[PDB]
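Engineer: What follows is a structure written as structure tokens; I'll ask about it next.
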Number of protein chains: 8
Amino acid sequence: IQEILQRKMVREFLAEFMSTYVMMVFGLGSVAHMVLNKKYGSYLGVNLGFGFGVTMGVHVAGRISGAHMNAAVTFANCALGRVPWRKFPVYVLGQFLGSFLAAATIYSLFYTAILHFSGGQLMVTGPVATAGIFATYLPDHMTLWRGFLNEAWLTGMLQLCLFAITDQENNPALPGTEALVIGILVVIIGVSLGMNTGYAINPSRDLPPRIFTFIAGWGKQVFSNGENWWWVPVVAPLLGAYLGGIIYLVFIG
Amino acid sequence: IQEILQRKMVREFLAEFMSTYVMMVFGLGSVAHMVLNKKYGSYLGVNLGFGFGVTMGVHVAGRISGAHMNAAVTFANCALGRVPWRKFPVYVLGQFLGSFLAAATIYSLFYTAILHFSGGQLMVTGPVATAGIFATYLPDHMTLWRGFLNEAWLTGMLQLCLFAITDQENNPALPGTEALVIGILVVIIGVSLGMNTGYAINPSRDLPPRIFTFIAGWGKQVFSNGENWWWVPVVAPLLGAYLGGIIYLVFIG
Amino acid sequence: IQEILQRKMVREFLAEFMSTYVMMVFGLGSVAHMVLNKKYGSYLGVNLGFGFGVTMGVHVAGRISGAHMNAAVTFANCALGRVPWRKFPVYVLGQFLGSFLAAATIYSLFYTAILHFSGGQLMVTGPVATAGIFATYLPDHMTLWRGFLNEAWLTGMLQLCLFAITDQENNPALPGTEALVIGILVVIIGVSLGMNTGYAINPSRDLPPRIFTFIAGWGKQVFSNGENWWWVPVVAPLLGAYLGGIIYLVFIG
Amino acid sequence: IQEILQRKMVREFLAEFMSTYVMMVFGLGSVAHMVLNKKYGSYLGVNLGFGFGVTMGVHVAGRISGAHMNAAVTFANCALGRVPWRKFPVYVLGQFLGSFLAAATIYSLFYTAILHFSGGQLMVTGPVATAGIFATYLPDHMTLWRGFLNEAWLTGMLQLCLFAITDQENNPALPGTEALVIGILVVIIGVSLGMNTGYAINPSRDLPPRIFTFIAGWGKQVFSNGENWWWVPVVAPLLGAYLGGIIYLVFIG
Amino acid sequence: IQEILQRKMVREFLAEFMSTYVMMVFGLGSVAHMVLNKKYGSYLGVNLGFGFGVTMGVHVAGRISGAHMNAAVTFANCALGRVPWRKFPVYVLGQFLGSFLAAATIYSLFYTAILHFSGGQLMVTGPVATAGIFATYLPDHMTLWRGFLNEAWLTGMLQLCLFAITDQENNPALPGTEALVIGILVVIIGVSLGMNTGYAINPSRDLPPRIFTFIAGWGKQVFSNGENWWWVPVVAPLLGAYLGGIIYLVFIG
Amino acid sequence: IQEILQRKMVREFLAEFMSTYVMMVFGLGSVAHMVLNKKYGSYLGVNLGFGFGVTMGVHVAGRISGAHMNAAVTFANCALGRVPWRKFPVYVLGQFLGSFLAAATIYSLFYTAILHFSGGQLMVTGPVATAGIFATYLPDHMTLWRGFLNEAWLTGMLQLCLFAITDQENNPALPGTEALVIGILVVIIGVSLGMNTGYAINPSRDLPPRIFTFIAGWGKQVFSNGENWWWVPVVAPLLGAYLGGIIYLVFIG
Amino acid sequence: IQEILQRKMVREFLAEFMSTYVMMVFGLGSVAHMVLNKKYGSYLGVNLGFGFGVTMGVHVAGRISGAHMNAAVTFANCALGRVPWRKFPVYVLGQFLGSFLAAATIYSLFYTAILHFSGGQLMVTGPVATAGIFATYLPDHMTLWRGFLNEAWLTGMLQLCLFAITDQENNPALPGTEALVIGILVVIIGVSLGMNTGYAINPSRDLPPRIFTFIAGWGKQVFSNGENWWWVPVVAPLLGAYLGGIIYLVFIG
Amino acid sequence: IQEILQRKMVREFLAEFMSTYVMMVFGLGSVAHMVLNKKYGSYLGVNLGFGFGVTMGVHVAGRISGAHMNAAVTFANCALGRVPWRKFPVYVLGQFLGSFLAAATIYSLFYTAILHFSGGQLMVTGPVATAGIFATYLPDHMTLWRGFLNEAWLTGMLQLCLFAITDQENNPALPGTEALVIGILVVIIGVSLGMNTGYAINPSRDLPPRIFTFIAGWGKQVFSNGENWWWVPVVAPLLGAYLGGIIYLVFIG
């Protein structure tokens, strides 16, 4: 047991797992606060929760593995030559397990409030829908390809700013202070551009919680709602992150 | 008098007393603002008050004693070998005295507003209850063991992130800037996970103010409300903090 | 292609373009959130979006060109001898192109919400006016020369504080941390003094989006509304920035 | 003219004048936003405006004179031996002139909004009172000596935390970053303890604006309102600041 | 067919059926307006709908059968000697059939609004409960025997006032105008005493609609909700009406 | 027992008792609806309840005794020669007993709602005061003699209009329809002039319910509240009614 | 000119014209009050306006022509043998002209309010739609045949109650008082059943105002909105009125 | 004294005085309730107060003088030959004196509420204007001749319906019940058409209260507000009433 944990790959798997768990617990707690309680919840609270959960995760795993906490970010780093391809499955697996367990924790901590709010009914759509605490669903006036464009553009902006903040050659944040700046970046992505799709901008933030809600009793409407919307938050961020990274590397690097 | 204050144990006692007093005054002021006045109070204000009161306390006593300001944090540090056991009573005594005097100060500063709000009646429960300014009480839909689970998990998260932020080996905040990051951690614990129990996560934040309200005229219902809820915020945080610390030490340290 | 991008002037043009684009996308997204949706929008969100978009732009282009992102700031720097006059057209052209493309992006991302809010009508004035998402318009009780005074004074305050923050001789922010302080300065300019004119302290923030709305289908009322208000946000900031800079240089530098 | 500005006392006078002007303009702008407009104003905005105006003033005059911006802080520093007594009149005069001119500027920038809100009537008391934009007035349920206690205690807390933040021996903020921490301290003093008296905690923030409102057309009720309340915000902060400083020096220094 | 309708008992059955149908359609329409739509519904609208539906029913069947429209009123009239006992089953049967068909009509006319409001879920309890459009359910703070007392007292008041209004010996309403006065009596019974139980005060108004909701898809919780509340609105009104009638006859007649 | 109830004086006593009971039950039910529940209560409901309770009482006792239901009306009729003086005690006694029992009935029917609203505390003053359901209390900005003037003038208007409505020689309401017109008169007295004192305009409506609240557990503050306000609603209506009656008799009769 | 106005048919044409004009002016004024102004408008006001406008029209033309004011009522009376068929065109023509001129009058009286509300845009659909002041449009969740059923059933109820109120052989309203009862019937039809379609229940209330809005500048969308909804309010009321009349005649007559 | 009051002309003068006083007291009380208090006031209350004050005045003076209570109604009756011209000054003088004294009474009864609402300032325009309790003022978006048209048309409708209600040849209200119908007519004139000008429709309702406010301390702005609006409510009703009367006489009489 002691010997196994000493291996480098096991350490990196554990670092990704822990950082993703912390970030997702803070973010989903903010979303549940907003949905269930009108006095104690706000949209700004959701933005703050997700951003500074990212800050805490970066403090947890910044040096061991880079603290990607995001499958699109890992894909963009691997495809641009900065991370070897053999580390992609390990990081993605750790992020997925962390996100799934964070969804389970939020379900356990807020159980009575969910039941009191919904009247005992676990509904995907309607005035007392609660499946949106865990995953993202398409709003009323928006179509599928508009949401695809939104997800791609937001992930591209995120990747470009992430490259700018941590670039030791150009103009980085002072070492030891970059976690705060990354958290603020995520906060303002939520503040400025987060109402058209719910700004998933992360496959790990979106798919494992949807699987958990499917298992836990919300039914199969989690996948078929919004004319099969579930696959856009998995595919659009990869393309967006790659394009944003290549744009920064060509024009500013 | 000059000679006595020069001793090391007296200095550490005074440091814990002062830091706890400052933190508790800011936090309870935020809570009173929220309860008494609807124009000037908000939940985000409560989160900000507690978190950045923690920041100011860390600046006051960070070097002399470590600025625990929390009996669960002291217990976890002593039980994991980082602090000697003989310093536990001194730190806990200083924290308790500071919290009690902060409650007395908040009572003195907000007296007329409390009387005007409540109509002269000091009530634990009801539409004009004011005992929740000082201590925490179980909400309507929540049971006792759900609250126990909530307190334990929140204190565990706090301890794990505290270990991550101040770890010189892994990835700490830049020295001279860690108080801000600790304050932000407390702020987002309030934002994301603080409505199910009131997020005491601190025996020193909870018990001395309850004793003060019992003495000052709210009666014995402060102890028996919520089927004897008073002992959960004293016991659950110790277990939570120990488990979070051991988890961080094993898997990330 | 590789050779052309290596030239210094091309690099500075691209840096100004990218930083202005990032800042304007974040700011206009905040404004659209406020106007279209009442649940997800607030004035504080607008202030945060603009300020920390400025922070991200400074991280993008701080070292290559100085990250002015503001035509008045460039004019004041060139007129006070700190930047050569031959670089003025390049910087201004890059800022204008970035702002125009950011307006186009915000139009594309929020299209369905704009149509749903306005009922299909692109109106400059009225209860469902949407031209104020992109540019600034004079409020009900304010006259033209009052707005001129407001714009000049706000830009003067901005320039004086910008000189104070980045002055290595007097008392600067620690290198690697000044982007946060500049963002906070912009945030509080919005918070304290931004309701009389909309604080379009930047000509690049104001004119290219107005041109875009004229082209895209809001008509010629964008220019003639408010007794030809469009030229004040272009002229007043230059005078304000110059006066604030000269005041700081004489009395504090 | 050039020779006169080169003297040290003239430089310190100008530094205090400029820093106080900047801080007061930001703070009074926040207060006017809150009072006049319900959509664009909030209490949190007032707290943010005052705190980060303090941050900007510290950046302006931190090294030249220490950036007291507060007559009580200057009195406490001079009485504890840290500043010579001959510099007290110069600093206080500069602060008073800066505060008076900031009040005049806020009057000029918000003139039409004030007239539209009040119906043309400059009233100290009533549903359309506007004298509270500039100075502080006692609330409905509070007496004079309760307000005296509030002012003294708040100024004492401010001075103790100011000593803690800037103490190079104990545990200071990292040099180049202390302005942010001081601003956050002022923000949370506003958030937690600022509704009982309006948290003037500064004679320079209170008396010159009251004199300006007396001159500008609000009448002599600015002085006699609240059974001659005007002198408490001048006298209580001095005692509070001295006591807080001596407490910190004895027990923590 | 022509001969059968000419008989007296058939005519009285038809009169009771038609009058009950009209009254119940108006009343249940008012209740549905209140529950489903917040803009177009109010409690005063419910009171007006029930009272003046009673007025219209009295105009329909006042001379043929007396227009009881109420099983408790029929029981009290038969038990006090004013109506022969052999007419009790015919009147009660007609009233029950009319009430059942009125519930079916209200279900058909408001179908889409019910589905849109409830999200497709037919719920007896919760934030989107719709079974209360048709029948009455016990409120949160009230017990079973308190509701029994309420029903008995309200029906007694109704019967006493009905005897007073239509008494040709004492002081009746002018013939040809008594329907308006009876409607106003029902309106003010709703206005003054109708929130503790929903003021059924009519077995025919309560039981057939509950049977319809049981059949139509709300389930068996319509009968077991509120610890078997369904039988109180059937039994309490009979006793109340008898006591009120005997009191009026003894003390005023 | 069959002959004691046959006497004329016993009949008139019973008529006054029953009519007062009915009127007071409807009125106090309306007031309780307004105070306890915000959804189901309104001021217009209070006006309607009192006015049409007067209508129902007039139908109950219009011919037997005149249906005064008001001690001031009885005093004015006796003092102007229309009723013999020996009938004054009998009528007043019946009205007082009816009002007392109506207060007891309203207490019994609304018990759980009162306890749930007030938190178990029976308070005369404060945000959860419930003594105003039964009696009238002086508002915030009104003095004692202003209320005296209000009561006298309102009772004078009531008496003048009552004389006009029931005058067979001038222009009466058609016999058999005057109860509706009297009810409408009371409704509009409530609508137009009822917020300065609560428009008791009746000693029987005011004193017996106050005695009941004193007995039932609200304490002796019911009498001393508002600097001994209890005696004005007993004395002012007599003078007002006499003056209004004499004015009508002289100038219109 | 005197000779022509003395004929019978001209007299009945003028009676129908005047009564319809009065009724429509009151009703459309109520609707405009509700739509344009939130302080001065309510749904209950709309119900009252239409019902008591019907009362005033009945007083105007009750004896000369019967005061149908409704093409469906005229059709039902003619088809059941109570009115000769040769009078149908004259009555319908008078009603149509009266309704058209009432729409023109309401347009002239409320012109500035309409322009101020809509921003100068005459829109059929959207947040500032104003075509619903004059005609009826299908709500969001309702289909065409549901609205057909609603219109037919409401007109049937109206005709049955109209037959009951004015039947001299069964139980009529006292002659000279039936206009009030008819107005109350229309009021409660609005209160109970008027939100699903807008309760036109009258071709004359619906078609001429729609023609006026088409002419006056709302465009051709008045006819094609709601999937050619315009013809349902013309056809459904005839069938409903006939069925209700025949039902009353067979079963109660 | 006894002999003088016996003369016919003195009797008619006193009847007009008393009826106008009663009507105006009820109406102005309703308006004051609406303006001063938001909980206890509504627009429907204003309509009810004015209409049923008209009902009570008709009961007071219906037989002695006809109960015009309106100078336009008197002018129309005199000009159409129904009343001799020599009675015009007596009726108008009585109405004017009654209206003036009713304004004085409303001023005396609501004095403290007016002072508390306005802060001691008697203002014609602004957020705390109180001159509109007594007279009518032109709204924001309306011009002078639009208001002239509104006043003329409303008075014409009133006169036509008044002729219809009291016409013994055509179809009158049953004698003894016409006061209720006249009150309802005034109520629905307020409900449907009363927001564009305040529906004075009466010179006696408008001018004497304006004179009282000029005398009592509101100043000369009562006459010059709204570009000399005061004379329209005196002149437009006469023309409107004459035209409506002549239209009814020609086409329906």
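Sequential numbering from 1, following the chain as shown.
Determined via electron microscopy, 2.5 Å.
Using N, Cα and C of the backbone, Cβ positions are placed for all residues, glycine too.
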Engineer: Answer yes or no as to whether Swiss-Prot lists H:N171 and H:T197 within the same topological domain, that is, on the same side of the membrane.
Structural biologist: no
Engineer: List, by number or range, the same-chain residues at least 6 past the topological domain 'Extracellular' (H:109-146) whose CB is under 8 A from its CB atoms?
Structural biologist: 28-29, 31-32, 35-37, 103, 195-198, 200, 206, 209-210, 212-213, 216-219, 221-222, 225-227, 229-230, 232-233
Engineer: In whole Å, how far is H:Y111 (site 'Important for permeability to glycerol') from H:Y199 (site 'Selectivity filter') when you measure between their Cα atoms?
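Structural biologist: With the alpha carbons as reference points, the distance is 25 Å.
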Engineer: Is the count of Cβ pairs under 8 Å between the transmembrane segment (H:147-164) and the transmembrane segment (H:88-108), pairs 6 or more apart in sequence, 3 or more?
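Structural biologist: Touching, no - the transmembrane segment (H:147-164) and the transmembrane segment (H:88-108) miss the threshold of 3 or more Cβ pairs under 8 Å.
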Engineer: May I ask for the residues of the chain that lie six or more residues beyond the topological domain 'Extracellular' (H:212-229) and have a Cβ under 8 Å from a Cβ within it?
Structural biologist: 100, 103-104, 107, 122-125, 130-131, 134-135, 137-138, 144, 147
Engineer: For H:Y199 (site 'Selectivity filter'), what is the secondary structure by DSSP, using just helix, strand and coil?
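Structural biologist: For H:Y199 (site 'Selectivity filter') - judged by DSSP and reduced to three states - the answer is coil.
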Engineer: Please report the Cα separation of H:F50 (site 'Selectivity filter') and H:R205 (site 'Selectivity filter') in Å, rounded to an integer.
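Structural biologist: Here the two Cα atoms are 11 Å apart.
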Engineer: Counting Cβ atoms within 10 Å across all protein chains shown, which of the recorded sites H:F50, H:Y111 comes out on top?
Structural biologist: H:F50
Engineer: Just to verify a number: CA distance, H:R205 (site 'Selectivity filter') to H:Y111 (site 'Important for permeability to glycerol'), in angstrom, no decimals.
Structural biologist: 21
Engineer: The topological domain 'Cytoplasmic' (H:80-87): which same-chain residues, six or more beyond its ends, come within Cβ distance under 8 Å?
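Structural biologist: Long-range Cβ neighbours of the topological domain 'Cytoplasmic' (H:80-87): 9, 12, 66, 74, 242, 245-246, 249.
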Engineer: Taking the Cβ of H:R205 (site 'Selectivity filter') as centre, how many other Cβ atoms lie within 10 Å?
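Structural biologist: Step by step: centre on the Cβ of H:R205 (site 'Selectivity filter'), count other Cβ atoms within 10 Å, giving 28.
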Engineer: Per DSSP, what is the helix/strand/coil residue tally across the topological domain 'Cytoplasmic' (H:80-87)?
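Structural biologist: So the counts come to 3 helix, 0 strand, 5 coil.
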Engineer: Give me the count of other Cβ atoms within 10 A of the Cβ belonging to H:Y199 (site 'Selectivity filter').
Structural biologist: 25
Engineer: Can you tell me the three-state DSSP label for H:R205 (site 'Selectivity filter')?
Structural biologist: helix
